[PDB]
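**Student:** data30.cif is the file, holding mmCIF, C-alpha atoms and all ligand atoms:
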data_entry
#
loop_
_atom_site.label_atom_id
_atom_site.label_comp_id
_atom_site.auth_asym_id
_atom_site.auth_seq_id
_atom_site.Cartn_x
_atom_site.Cartn_y
_atom_site.Cartn_z
CA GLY A 4 0.00 0.00 0.00
CA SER A 5 2.88 2.35 0.89
CA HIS A 6 2.59 3.93 4.33
CA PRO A 7 4.59 3.83 7.58
CA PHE A 8 2.87 0.58 8.64
CA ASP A 9 2.96 -1.41 5.39
CA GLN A 10 5.12 -4.08 7.04
CA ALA A 11 3.09 -4.58 10.23
CA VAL A 12 2.29 -8.16 11.21
CA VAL A 13 -0.48 -9.85 13.18
CA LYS A 14 1.24 -10.89 16.38
CA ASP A 15 -1.64 -12.59 18.24
CA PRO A 16 -4.97 -13.55 16.58
CA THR A 17 -6.66 -13.91 19.97
CA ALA A 18 -5.81 -10.45 21.39
CA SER A 19 -9.18 -8.97 20.35
CA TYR A 20 -9.93 -5.26 20.85
CA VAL A 21 -9.82 -5.37 24.67
CA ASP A 22 -8.13 -7.54 27.31
CA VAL A 23 -10.96 -10.03 27.84
CA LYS A 24 -9.47 -11.92 30.81
CA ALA A 25 -8.49 -8.80 32.75
CA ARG A 26 -11.77 -7.00 32.03
CA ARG A 27 -13.86 -10.03 33.01
CA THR A 28 -11.95 -10.25 36.30
CA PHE A 29 -12.59 -6.60 37.11
CA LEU A 30 -16.28 -7.00 36.32
CA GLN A 31 -16.62 -10.07 38.55
CA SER A 32 -14.62 -9.06 41.63
CA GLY A 33 -14.27 -5.29 41.71
CA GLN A 34 -16.82 -2.83 43.02
CA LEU A 35 -18.83 -1.38 40.15
CA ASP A 36 -20.34 2.09 40.51
CA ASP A 37 -23.96 2.69 39.45
CA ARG A 38 -22.99 3.51 35.88
CA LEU A 39 -21.08 0.27 35.34
CA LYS A 40 -23.84 -1.71 37.05
CA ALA A 41 -26.43 -0.35 34.64
CA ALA A 42 -24.16 -1.50 31.80
CA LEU A 43 -24.14 -5.20 32.77
CA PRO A 44 -25.88 -7.34 30.10
CA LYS A 45 -28.91 -9.38 31.13
CA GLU A 46 -28.27 -13.11 30.79
CA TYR A 47 -30.76 -15.19 28.79
CA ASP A 48 -31.01 -18.71 27.37
CA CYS A 49 -29.71 -18.19 23.87
CA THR A 50 -29.55 -21.93 23.11
CA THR A 51 -33.29 -22.13 22.41
CA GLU A 52 -33.78 -18.90 20.47
CA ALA A 53 -33.53 -18.62 16.69
CA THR A 54 -31.66 -15.71 15.08
CA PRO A 55 -32.05 -13.79 11.80
CA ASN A 56 -31.55 -15.83 8.61
CA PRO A 57 -29.45 -14.49 5.72
CA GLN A 58 -31.09 -13.24 2.50
CA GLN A 59 -30.84 -15.97 -0.11
CA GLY A 60 -29.11 -15.23 -3.38
CA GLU A 61 -27.97 -11.71 -4.20
CA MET A 62 -27.84 -9.20 -1.36
CA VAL A 63 -30.11 -6.23 -2.06
CA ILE A 64 -30.90 -3.34 0.26
CA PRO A 65 -34.08 -1.69 -1.16
CA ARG A 66 -34.20 2.05 -1.83
CA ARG A 67 -35.64 3.99 1.10
CA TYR A 68 -37.99 6.03 -1.10
CA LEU A 69 -40.13 4.82 -3.99
CA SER A 70 -38.40 7.47 -6.07
CA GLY A 71 -35.67 10.02 -5.49
CA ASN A 72 -34.22 11.16 -2.18
CA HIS A 73 -37.53 11.89 -0.44
CA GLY A 74 -41.32 11.57 -0.47
CA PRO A 75 -43.38 8.33 -0.53
CA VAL A 76 -41.58 5.58 1.37
CA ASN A 77 -40.67 2.15 0.00
CA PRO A 78 -42.32 -0.52 2.24
CA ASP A 79 -39.58 -3.07 1.42
CA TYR A 80 -36.91 -0.97 3.13
CA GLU A 81 -37.86 -1.34 6.81
CA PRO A 82 -38.06 -5.16 6.93
CA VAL A 83 -34.73 -5.62 5.16
CA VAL A 84 -32.60 -3.19 7.18
CA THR A 85 -34.11 -4.52 10.42
CA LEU A 86 -32.87 -8.00 9.50
CA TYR A 87 -29.30 -6.63 9.43
CA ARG A 88 -29.61 -4.44 12.49
CA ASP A 89 -30.97 -7.41 14.49
CA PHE A 90 -28.07 -9.53 13.26
CA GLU A 91 -25.68 -6.82 14.49
CA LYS A 92 -27.46 -6.29 17.84
CA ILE A 93 -27.54 -10.02 18.64
CA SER A 94 -23.90 -10.53 17.62
CA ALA A 95 -22.68 -7.69 19.85
CA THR A 96 -24.85 -8.72 22.78
CA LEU A 97 -23.54 -12.31 22.74
CA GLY A 98 -19.99 -10.99 22.48
CA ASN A 99 -20.56 -8.71 25.48
CA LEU A 100 -22.20 -11.53 27.52
CA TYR A 101 -19.25 -13.85 26.87
CA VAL A 102 -16.85 -11.16 28.12
CA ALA A 103 -18.85 -10.37 31.26
CA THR A 104 -19.73 -13.92 32.33
CA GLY A 105 -17.10 -16.11 30.69
CA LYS A 106 -19.71 -18.80 30.03
CA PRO A 107 -18.91 -20.83 26.87
CA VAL A 108 -22.64 -21.14 26.11
CA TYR A 109 -22.75 -17.62 24.67
CA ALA A 110 -19.85 -18.43 22.32
CA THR A 111 -21.73 -21.52 21.09
CA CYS A 112 -24.79 -19.41 20.34
CA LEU A 113 -22.77 -16.88 18.34
CA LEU A 114 -21.00 -19.57 16.32
CA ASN A 115 -24.28 -21.31 15.51
CA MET A 116 -25.69 -18.06 14.15
CA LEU A 117 -22.59 -17.14 12.14
CA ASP A 118 -22.17 -20.67 10.77
CA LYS A 119 -25.68 -20.27 9.34
CA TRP A 120 -24.58 -17.13 7.51
CA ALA A 121 -21.26 -18.58 6.31
CA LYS A 122 -22.87 -21.72 4.86
CA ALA A 123 -25.21 -19.49 2.86
CA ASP A 124 -22.31 -17.38 1.56
CA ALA A 125 -23.89 -14.20 2.97
CA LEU A 126 -22.39 -10.71 2.54
CA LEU A 127 -20.64 -11.83 -0.67
CA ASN A 128 -22.98 -11.46 -3.67
CA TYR A 129 -24.04 -7.88 -4.40
CA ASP A 130 -23.68 -4.80 -6.60
CA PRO A 131 -20.64 -2.86 -5.28
CA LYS A 132 -22.28 0.34 -6.54
CA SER A 133 -25.25 -0.11 -4.18
CA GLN A 134 -26.10 0.41 -0.51
CA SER A 135 -25.35 -3.28 0.03
CA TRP A 136 -21.64 -2.43 -0.17
CA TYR A 137 -21.92 -0.20 2.89
CA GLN A 138 -24.14 -2.62 4.80
CA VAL A 139 -21.47 -5.32 4.46
CA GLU A 140 -18.72 -3.21 6.07
CA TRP A 141 -20.90 -2.64 9.15
CA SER A 142 -22.26 -6.17 9.59
CA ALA A 143 -19.00 -8.04 8.95
CA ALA A 144 -17.11 -5.87 11.47
CA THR A 145 -19.83 -6.23 14.11
CA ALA A 146 -19.74 -10.03 13.91
CA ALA A 147 -15.90 -10.03 13.79
CA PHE A 148 -15.62 -7.90 16.96
CA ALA A 149 -17.88 -10.30 18.87
CA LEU A 150 -15.99 -13.40 17.63
CA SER A 151 -12.53 -11.93 18.35
CA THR A 152 -13.28 -12.17 22.09
CA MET A 153 -13.71 -15.97 21.88
CA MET A 154 -10.78 -17.01 19.67
CA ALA A 155 -9.09 -18.61 22.69
CA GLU A 156 -12.21 -20.42 23.95
CA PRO A 157 -11.46 -24.18 24.13
CA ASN A 158 -14.99 -25.41 24.88
CA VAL A 159 -16.41 -24.69 21.42
CA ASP A 160 -16.62 -26.53 18.07
CA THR A 161 -13.20 -25.61 16.65
CA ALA A 162 -13.99 -26.77 13.11
CA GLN A 163 -17.04 -24.52 13.14
CA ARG A 164 -15.00 -21.49 14.31
CA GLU A 165 -12.52 -22.13 11.47
CA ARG A 166 -15.29 -22.20 8.87
CA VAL A 167 -16.70 -18.90 10.15
CA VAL A 168 -13.29 -17.21 10.26
CA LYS A 169 -12.54 -18.23 6.65
CA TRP A 170 -15.91 -16.84 5.67
CA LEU A 171 -15.30 -13.44 7.32
CA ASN A 172 -11.86 -13.30 5.70
CA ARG A 173 -13.46 -13.87 2.29
CA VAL A 174 -16.13 -11.27 3.05
CA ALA A 175 -13.59 -8.58 3.97
CA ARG A 176 -11.18 -9.27 1.11
CA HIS A 177 -14.07 -8.94 -1.34
CA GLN A 178 -15.64 -5.83 0.22
CA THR A 179 -12.36 -3.88 0.44
CA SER A 180 -11.25 -4.84 -3.06
CA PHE A 181 -13.49 -2.07 -4.45
CA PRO A 182 -12.00 1.49 -4.41
CA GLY A 183 -15.13 3.62 -4.08
CA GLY A 184 -15.76 6.99 -5.73
CA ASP A 185 -14.42 10.51 -5.14
CA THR A 186 -15.80 10.59 -1.61
CA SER A 187 -16.31 6.97 -0.48
CA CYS A 188 -12.67 6.35 -1.42
CA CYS A 189 -11.58 8.63 1.30
CA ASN A 190 -14.30 9.77 3.75
CA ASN A 191 -15.66 8.00 6.86
CA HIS A 192 -16.65 4.97 4.71
CA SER A 193 -12.96 4.41 3.99
CA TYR A 194 -12.41 4.28 7.75
CA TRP A 195 -15.30 1.87 8.31
CA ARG A 196 -13.73 -0.38 5.66
CA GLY A 197 -10.55 0.18 7.65
CA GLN A 198 -11.88 -1.19 10.96
CA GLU A 199 -13.46 -4.10 9.07
CA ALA A 200 -10.14 -5.15 7.48
CA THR A 201 -8.21 -4.59 10.71
CA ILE A 202 -10.28 -6.73 13.11
CA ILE A 203 -10.82 -9.48 10.53
CA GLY A 204 -7.16 -9.35 9.46
CA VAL A 205 -6.31 -10.06 13.12
CA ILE A 206 -8.68 -13.01 13.70
CA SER A 207 -7.90 -14.62 10.34
CA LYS A 208 -4.19 -13.85 10.87
CA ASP A 209 -4.04 -12.24 7.42
CA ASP A 210 -1.20 -9.68 7.52
CA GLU A 211 -2.06 -8.21 4.11
CA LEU A 212 -5.63 -7.35 5.17
CA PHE A 213 -4.41 -6.10 8.57
CA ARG A 214 -1.96 -3.75 6.80
CA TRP A 215 -4.55 -2.44 4.38
CA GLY A 216 -6.72 -1.66 7.40
CA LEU A 217 -4.07 0.30 9.29
CA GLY A 218 -3.50 2.21 6.06
CA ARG A 219 -7.00 3.74 6.23
CA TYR A 220 -6.13 5.26 9.61
CA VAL A 221 -3.01 6.83 8.03
CA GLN A 222 -5.08 8.16 5.13
CA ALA A 223 -7.46 9.84 7.58
CA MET A 224 -4.71 11.66 9.50
CA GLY A 225 -3.72 13.39 6.27
CA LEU A 226 -7.27 14.58 5.68
CA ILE A 227 -7.56 16.62 8.85
CA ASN A 228 -7.78 20.42 8.61
CA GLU A 229 -5.75 22.87 10.72
CA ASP A 230 -8.51 22.94 13.34
CA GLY A 231 -9.00 19.18 13.58
CA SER A 232 -11.99 18.93 11.24
CA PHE A 233 -12.10 16.16 8.60
CA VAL A 234 -11.93 17.51 5.06
CA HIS A 235 -14.61 15.22 3.62
CA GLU A 236 -17.08 15.40 6.54
CA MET A 237 -17.18 19.23 6.50
CA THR A 238 -18.96 19.03 3.13
CA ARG A 239 -22.14 17.46 4.51
CA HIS A 240 -24.03 20.67 5.23
CA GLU A 241 -26.43 20.34 8.17
CA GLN A 242 -24.91 16.90 8.88
CA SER A 243 -21.27 18.05 9.01
CA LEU A 244 -20.86 17.91 12.82
CA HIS A 245 -22.67 14.53 12.85
CA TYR A 246 -20.25 13.04 10.32
CA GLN A 247 -17.21 14.58 12.02
CA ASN A 248 -18.21 12.60 15.14
CA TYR A 249 -19.20 9.54 13.09
CA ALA A 250 -15.74 9.23 11.54
CA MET A 251 -14.27 9.04 15.09
CA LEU A 252 -15.99 5.68 15.64
CA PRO A 253 -14.05 3.45 13.21
CA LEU A 254 -10.75 5.35 13.59
CA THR A 255 -10.87 4.71 17.34
CA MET A 256 -11.48 0.98 16.84
CA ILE A 257 -8.59 0.58 14.37
CA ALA A 258 -6.30 2.24 16.95
CA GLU A 259 -7.63 0.16 19.86
CA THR A 260 -7.26 -3.01 17.80
CA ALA A 261 -3.74 -2.10 16.66
CA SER A 262 -2.71 -1.34 20.24
CA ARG A 263 -3.44 -4.93 21.30
CA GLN A 264 -1.00 -6.00 18.58
CA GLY A 265 1.77 -3.85 20.05
CA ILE A 266 1.33 -0.96 17.59
CA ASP A 267 0.85 2.64 18.78
CA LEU A 268 -1.41 4.14 16.10
CA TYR A 269 -2.66 6.90 18.38
CA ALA A 270 0.82 8.45 18.37
CA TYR A 271 0.86 8.79 14.56
CA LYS A 272 0.85 12.41 13.36
CA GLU A 273 0.73 14.24 10.03
CA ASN A 274 1.60 17.93 9.70
CA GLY A 275 0.97 18.69 13.37
CA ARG A 276 -2.39 16.90 13.48
CA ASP A 277 -3.46 13.57 14.93
CA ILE A 278 -6.62 11.93 16.20
CA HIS A 279 -6.52 14.10 19.33
CA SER A 280 -6.91 17.19 17.11
CA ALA A 281 -10.11 15.65 15.74
CA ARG A 282 -11.41 14.87 19.23
CA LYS A 283 -10.76 18.43 20.37
CA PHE A 284 -12.67 19.85 17.40
CA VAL A 285 -15.76 17.72 18.12
CA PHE A 286 -15.84 18.90 21.74
CA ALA A 287 -15.27 22.55 20.79
CA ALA A 288 -17.87 22.54 17.99
CA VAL A 289 -20.57 21.09 20.28
CA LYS A 290 -19.89 23.86 22.83
CA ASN A 291 -19.66 26.55 20.15
CA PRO A 292 -21.55 25.58 16.95
CA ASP A 293 -20.34 28.83 15.37
CA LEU A 294 -17.07 27.05 14.53
CA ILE A 295 -18.96 25.01 11.93
CA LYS A 296 -19.99 28.24 10.16
CA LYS A 297 -16.65 28.30 8.34
CA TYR A 298 -17.71 25.14 6.50
CA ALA A 299 -21.51 25.14 6.41
CA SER A 300 -24.16 27.80 6.95
CA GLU A 301 -27.01 25.39 7.78
CA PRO A 302 -28.10 24.75 11.40
CA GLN A 303 -26.43 21.54 12.63
CA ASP A 304 -28.33 18.35 13.45
CA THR A 305 -27.11 17.32 16.92
CA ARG A 306 -29.22 14.20 17.50
CA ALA A 307 -26.07 12.12 18.09
CA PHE A 308 -24.95 14.22 21.03
CA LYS A 309 -27.43 13.11 23.68
CA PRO A 310 -26.42 10.91 26.66
CA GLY A 311 -26.86 7.27 25.75
CA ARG A 312 -26.43 7.60 21.98
CA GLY A 313 -24.37 4.81 20.42
CA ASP A 314 -22.56 7.50 18.39
CA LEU A 315 -20.58 8.38 21.54
CA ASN A 316 -19.08 4.91 22.06
CA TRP A 317 -15.60 6.02 20.94
CA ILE A 318 -15.30 8.39 23.94
CA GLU A 319 -15.45 5.46 26.38
CA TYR A 320 -12.42 3.83 24.75
CA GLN A 321 -10.34 6.98 24.36
CA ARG A 322 -11.18 8.35 27.80
CA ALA A 323 -10.26 5.07 29.48
CA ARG A 324 -6.87 5.22 27.78
CA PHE A 325 -5.95 8.91 27.93
CA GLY A 326 -7.99 10.10 30.89
CA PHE A 327 -9.12 13.47 29.51
CA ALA A 328 -12.11 15.16 31.20
CA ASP A 329 -15.73 14.63 30.12
CA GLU A 330 -16.13 18.32 29.21
CA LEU A 331 -19.65 18.04 27.80
CA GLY A 332 -21.07 15.72 30.46
CA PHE A 333 -21.94 13.01 27.90
CA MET A 334 -20.79 10.04 29.96
CA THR A 335 -23.82 9.73 32.25
CA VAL A 336 -25.87 6.75 31.05
CA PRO A 337 -24.30 3.62 29.49
CA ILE A 338 -23.49 3.51 25.80
CA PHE A 339 -23.97 0.56 23.47
CA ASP A 340 -23.05 0.37 19.79
CA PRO A 341 -22.90 -2.99 17.95
CA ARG A 342 -20.69 -1.54 15.18
CA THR A 343 -17.93 -0.53 17.60
CA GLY A 344 -17.84 -3.67 19.76
CA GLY A 345 -21.06 -3.36 21.77
CA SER A 346 -21.00 -1.54 25.11
CA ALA A 347 -17.89 0.61 25.54
CA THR A 348 -19.06 1.41 29.07
CA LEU A 349 -19.01 -2.30 29.97
CA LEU A 350 -15.69 -3.00 28.23
CA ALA A 351 -13.59 0.09 28.98
CA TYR A 352 -15.14 2.48 31.50
CA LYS A 353 -13.12 2.52 34.72
CA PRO A 354 -14.53 4.54 37.63
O1 LIG B 1 -27.49 4.85 18.93
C1 LIG B 1 -28.60 5.22 19.36
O2 LIG B 1 -28.87 5.28 20.58
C2 LIG B 1 -29.62 5.60 18.41
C3 LIG B 1 -30.95 5.82 18.91
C4 LIG B 1 -32.01 6.13 17.91
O3 LIG B 1 -33.33 6.40 18.38
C5 LIG B 1 -31.90 5.53 16.52
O4 LIG B 1 -32.31 4.17 16.53
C6 LIG B 1 -30.41 5.62 16.12
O5 LIG B 1 -30.22 4.97 14.90
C7 LIG B 1 -28.94 5.14 14.26
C8 LIG B 1 -28.39 3.76 13.90
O6 LIG B 1 -28.07 3.06 15.09
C9 LIG B 1 -27.14 3.88 13.03
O7 LIG B 1 -26.07 4.43 13.79
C10 LIG B 1 -27.41 4.78 11.83
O8 LIG B 1 -26.23 4.95 11.13
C11 LIG B 1 -26.28 5.73 9.92
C12 LIG B 1 -25.25 6.86 10.04
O9 LIG B 1 -25.66 7.79 11.03
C13 LIG B 1 -25.09 7.57 8.70
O10 LIG B 1 -26.30 8.24 8.37
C14 LIG B 1 -24.75 6.54 7.62
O11 LIG B 1 -24.62 7.16 6.38
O12 LIG B 1 -25.81 5.58 7.52
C15 LIG B 1 -25.96 4.80 8.73
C16 LIG B 1 -27.02 3.73 8.53
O13 LIG B 1 -27.85 3.86 7.60
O14 LIG B 1 -27.02 2.74 9.29
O15 LIG B 1 -27.86 6.07 12.28
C17 LIG B 1 -29.11 6.01 13.00
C18 LIG B 1 -29.57 7.43 13.33
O16 LIG B 1 -28.73 8.26 13.74
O17 LIG B 1 -30.77 7.72 13.17
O18 LIG B 1 -29.55 4.99 17.11
#
Just give me the structure as structure tokens.
Ligand SMILES: O=C(O)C1=C[C@H](O)[C@H](O)[C@H](O[C@H]2[C@H](O)[C@H](O)[C@H](O[C@H]3[C@H](O)[C@H](O)[C@H](O)O[C@@H]3C(=O)O)O[C@@H]2C(=O)O)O1
**Tutor:**
Amino acid sequence: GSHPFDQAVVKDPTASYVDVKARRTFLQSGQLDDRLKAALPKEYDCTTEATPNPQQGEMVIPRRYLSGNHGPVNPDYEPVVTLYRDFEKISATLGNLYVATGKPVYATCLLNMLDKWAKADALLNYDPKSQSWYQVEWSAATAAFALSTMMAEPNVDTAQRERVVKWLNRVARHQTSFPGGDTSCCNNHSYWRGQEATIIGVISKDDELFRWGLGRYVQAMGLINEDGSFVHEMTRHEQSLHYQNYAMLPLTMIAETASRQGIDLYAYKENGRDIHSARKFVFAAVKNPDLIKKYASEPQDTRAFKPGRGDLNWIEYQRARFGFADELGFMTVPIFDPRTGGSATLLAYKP
């Protein structure tokens, strides 16, 4: 690819994106404050519950509107996207339960679900020019994050785990083989493809994929403005602040994942700008929305900046590592986001 980390190697395929053993221990012995307590997943008998089935044949995400970008809604849209969002929610929940309890039963449930999708060759047949391309990057990563926490679990069908891992590896290699257009080549989608390749590169011990993934993080650092804003996200009008925050989600996971492999991505800078510059801009723009006026004149949609929104999951990981202050008071209720490993409060928050 040609970047400072084009020779990086996958050191340990079972390292995951957090220290599972150590975190489980803290959750089982330590004294959890009210916030952490509220984040504990509720146990359930997953062995007798069926999960979403994969679409058969070609993967097609219907258009949201019968025609154009607005107006009459397409009734086929809701049922199809829900199928994927349920798949992602269940995958992340089982991953989080396995971390918190350590019970092999949750790993068995996850594998049974994923084996169903692998056998059907899901997330592989689609038009790369359609919405399906984006749906794949989110769903493959979500399942990969959950599975990465149980790569060292001995009490599970090992042949089944191998089949699933090969499947995810195929899914990621195919999805990232497409370049994307003038924006999707290099905006937050590039970073989502980045976290997908990184976590799957690690569990499938595929150094080439792992390297390609780290390369998206590098690409992003060079697309940061003097004030910490992302070049491509500041072109989204009333959604500019939303996308600035959104891009922080996958970039944070690539860095957290790389860190468990002995690589310090967070320390990587380009022209006096790094990921911290981006974090500081998000916090400053939420306090003073006038800063966005240099890029867009429209009033900003701030739906993502409410306590409890999954969009804030990246703050739990970064705060746990760097210890900066919660300036905006966002970290009150627990946060859960399937696409960035489930509950960051459960997996990283340390009172
Ligand atoms: O995370 C929440 O707590 C949150 C609560 C809400 O009431 C909604 O259910 C909200 O939905 C999210 C959803 O979880 C995804 O994050 C979705 O992601 C979209 C991105 O925001 C971009 O628009 C991207 O281009 O498309 C993504 C997609 O289509 O999945 O955003 C919604 C939302 O913000 O409404 O979650």
**Student:** Distance limit 10 Å, reference ligand LIG 1 (chain B), atoms considered: only C-alpha atoms and all ligand atoms. Which residues make the cut? Give them as an NGL selection string.
**Tutor:** :A and (84 or 87-88 or 92 or 134 or 137-138 or 141 or 191-192 or 242 or 245-246 or 248-250 or 305-316 or 338-342)
**Student:** Can you work out which one of A:25, A:49, A:287, A:205 has the shortest atom-to-atom distance to residue A:262, counting all atoms listed in the file?
**Tutor:**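 Checking each of A:25, A:49, A:287, A:205 against residue A:262, counting all atoms listed in the file, the winner is A:205.
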**Student:** Could you give me, as a list in words, the residues within 9 Å of stretch 208-211 of chain A, counting only C-alpha atoms and dropping anything in the same chain fewer than 6 positions from it?
**Tutor:** residues 9, 10, 11, 12, 13, 14, 15, 16 and 172 of chain A
**Student:** Could you list, as JSON, numbers by chain, every residue within 12 Å of residue A:42, counting all atoms listed in the file and ignoring same-chain residues fewer than 6 positions away?
**Tutor:** {"A": [30, 35, 36, 96, 99, 100, 103, 311, 335, 336, 337, 338, 339, 345, 346, 347, 348, 349, 350, 351, 352]}
**Student:** Could you pull the residues within 12 Å of residue A:122, counting all atoms listed in the file, minus those fewer than 6 positions along the same chain, as a PyMOL selection string?
**Tutor:** chain A and resi 56-57+59+114-116+163+166-171
**Student:** Rounded to one decimal, what separation in Å do you get between atom CA of residue A:284 and atom CA of residue A:231?
**Tutor:**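 Spanning atom CA of residue A:284 to atom CA of residue A:231 is a straight-line distance of 5.3 Å.
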**Student:** Go through A:300, A:274, A:19, A:128 one by one, measure the shortest atom-to-atom distance of each to residue A:257 using only C-alpha atoms, and give the residue with the smallest value.
**Tutor:**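 Nearest candidate to residue A:257 out of A:300, A:274, A:19, A:128: A:19.
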**Student:** Please, can stretch 272-286 of chain A be completed to N, CA, C and O atoms and returned as an mmCIF file, keeping the file's coordinate frame?
**Tutor:**
data_model
loop_
_atom_site.group_PDB
_atom_site.id
_atom_site.type_symbol
_atom_site.label_atom_id
_atom_site.label_comp_id
_atom_site.auth_asym_id
_atom_site.auth_seq_id
_atom_site.Cartn_x
_atom_site.Cartn_y
_atom_site.Cartn_z
ATOM 1 N N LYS A 272 1.189 11.039 13.741
ATOM 2 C CA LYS A 272 0.850 12.410 13.360
ATOM 3 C C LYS A 272 1.167 12.733 11.906
ATOM 4 O O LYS A 272 2.000 12.086 11.284
ATOM 5 N N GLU A 273 0.510 13.762 11.390
ATOM 6 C CA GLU A 273 0.730 14.240 10.030
ATOM 7 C C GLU A 273 0.554 15.748 10.029
ATOM 8 O O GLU A 273 -0.541 16.243 10.288
ATOM 9 N N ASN A 274 1.634 16.469 9.745
ATOM 10 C CA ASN A 274 1.600 17.930 9.700
ATOM 11 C C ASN A 274 1.016 18.580 10.954
ATOM 12 O O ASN A 274 0.189 19.486 10.858
ATOM 13 N N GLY A 275 1.449 18.118 12.122
ATOM 14 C CA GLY A 275 0.970 18.690 13.370
ATOM 15 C C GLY A 275 -0.491 18.426 13.683
ATOM 16 O O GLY A 275 -1.154 19.253 14.315
ATOM 17 N N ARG A 276 -0.996 17.280 13.241
ATOM 18 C CA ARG A 276 -2.390 16.900 13.480
ATOM 19 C C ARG A 276 -2.479 15.404 13.679
ATOM 20 O O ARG A 276 -1.848 14.644 12.957
ATOM 21 N N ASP A 277 -3.271 14.986 14.658
ATOM 22 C CA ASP A 277 -3.460 13.570 14.930
ATOM 23 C C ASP A 277 -4.913 13.370 15.329
ATOM 24 O O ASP A 277 -5.722 14.285 15.190
ATOM 25 N N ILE A 278 -5.249 12.188 15.829
ATOM 26 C CA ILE A 278 -6.620 11.930 16.200
ATOM 27 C C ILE A 278 -7.094 12.800 17.363
ATOM 28 O O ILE A 278 -8.291 13.070 17.492
ATOM 29 N N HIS A 279 -6.160 13.252 18.200
ATOM 30 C CA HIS A 279 -6.520 14.100 19.330
ATOM 31 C C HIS A 279 -7.030 15.451 18.823
ATOM 32 O O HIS A 279 -7.911 16.052 19.444
ATOM 33 N N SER A 280 -6.485 15.918 17.700
ATOM 34 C CA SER A 280 -6.910 17.190 17.110
ATOM 35 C C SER A 280 -8.390 17.062 16.711
ATOM 36 O O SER A 280 -9.183 17.990 16.889
ATOM 37 N N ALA A 281 -8.748 15.904 16.172
ATOM 38 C CA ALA A 281 -10.110 15.650 15.740
ATOM 39 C C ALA A 281 -11.039 15.588 16.958
ATOM 40 O O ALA A 281 -12.146 16.133 16.929
ATOM 41 N N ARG A 282 -10.592 14.931 18.028
ATOM 42 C CA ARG A 282 -11.410 14.870 19.230
ATOM 43 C C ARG A 282 -11.667 16.264 19.768
ATOM 44 O O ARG A 282 -12.802 16.603 20.116
ATOM 45 N N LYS A 283 -10.611 17.075 19.847
ATOM 46 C CA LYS A 283 -10.760 18.430 20.370
ATOM 47 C C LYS A 283 -11.718 19.288 19.550
ATOM 48 O O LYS A 283 -12.425 20.126 20.100
ATOM 49 N N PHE A 284 -11.752 19.081 18.238
ATOM 50 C CA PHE A 284 -12.670 19.850 17.400
ATOM 51 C C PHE A 284 -14.124 19.462 17.673
ATOM 52 O O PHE A 284 -14.996 20.326 17.716
ATOM 53 N N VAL A 285 -14.393 18.166 17.833
ATOM 54 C CA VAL A 285 -15.760 17.720 18.120
ATOM 55 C C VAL A 285 -16.250 18.389 19.414
ATOM 56 O O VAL A 285 -17.335 18.967 19.452
ATOM 57 N N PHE A 286 -15.449 18.311 20.470
ATOM 58 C CA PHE A 286 -15.840 18.900 21.740
ATOM 59 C C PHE A 286 -16.041 20.416 21.662
ATOM 60 O O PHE A 286 -16.972 20.959 22.258
#
